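Shown here is one chain on its own, the form deposited in one PDB entry, set out as structure tokens.
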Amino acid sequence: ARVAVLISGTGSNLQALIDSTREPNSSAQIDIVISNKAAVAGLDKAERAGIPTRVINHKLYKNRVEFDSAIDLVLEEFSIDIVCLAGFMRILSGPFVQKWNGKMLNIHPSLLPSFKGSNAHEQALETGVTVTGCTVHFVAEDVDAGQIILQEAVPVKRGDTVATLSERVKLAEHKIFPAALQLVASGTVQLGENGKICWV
């Protein structure tokens, strides 16, 4: 399965995916890394690994559909089968999400459905949970319909901040995200006709 990784920043999840896809038994190959922001560290990791990179500045487009079209064109150029969102900070348009339904994964730093949206760690700390975690799910038009592939719980320690909590959660992301990619790329997991997760 040919994979694109969309990033917006540091790219530690990207790096975890690169490491796992270079394993002999990997069913996924990363063929293109797309950032919406230039000069982010995730682009260096991609280039260091020999993976083509494309910057597609969302700010240069009129709306999301024009921006998403630029991305979709690169995905077609590279004959992509699967799209991993790994720190991607742009909400995607409905038709794009529809087109890639059942083919686009996302890592989210909470135990969905808890703490949706952009500041999950902030919300978790404000709420005072002692257990949080991360979630790999298929992307639907809203974070609510996205079918969940894997999750891993992570403890919240007393005194945790966004910096320390996100550091601990990221260790779990770097585990379940490569595993979830391997599950989908190998055909072991897919969206069924029900639209719910199907294990083969």
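Numbering starts at 1 and follows the sequence shown. Just so we're on the same page, rigid core means the largest C-alpha set that superposes within 1.5 Å between forms.
Q: Regarding 157 to 165 and 41 to 49, which shows the higher C-alpha temperature factor on average in the entry?
A: Averaged over C-alpha atoms, the B-factors run higher in 41 to 49.
Q: Return whichever of 1 to 9 and 190 to 198 has the greater mean Cα B factor according to the PDB record.
A: Stretch with the greater average CA B-factor: 190 to 198.
Q: Highest Cα B-factor in the deposition, which of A28, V33, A172, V143?
A: Comparing C-alpha B-factors across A28, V33, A172, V143, the maximum falls on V143.
Q: Take the CA temperature factors straight from the PDB entry and tell me which of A86, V83, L92, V129 peaks.
A: Checking the PDB record, the top C-alpha B-factor among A86, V83, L92, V129 is at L92.
Q: Is the Cα B-factor recorded for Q151 in the lowest, middle or highest third of its chain?
A: Answer is lowest: the recorded C-alpha B-factor places it there.
Q: Sorting the chain's modelled residues by C-alpha B-factor, tell me whether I56 ends up in the lowest, middle or highest third.
A: As the PDB entry reports it, the C-alpha B-factor of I56 lands in the highest third of its chain.
Q: What third of its chain's C-alpha B-factors does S118 belong to: lowest, middle or highest?
A: Top third by C-alpha B-factor.
Q: Split the chain's modelled residues into thirds by Cα B-factor; is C134 in the lowest, middle or highest one?
A: Its C-alpha B-factor belongs to the lowest third of this chain's values.
Q: Going by the entry, which third of its chain does the Cα temperature factor of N106 land in?
A: For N106, whose C-alpha B-factor we compare with every modelled residue in the chain, the answer is the middle third.
Beyond the structure shown, there is the form deposited in another entry, which is absent from this document and is the topic of what follows.
Q: Spell out whether the Cα of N57 moves at least 2 Å between this form and the one not shown when the two forms are superposed on their rigid core.
A: Comparing the forms between this form and the one not shown, which are aligned on their rigid core, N57 does shift its C-alpha by 2 Å or more.
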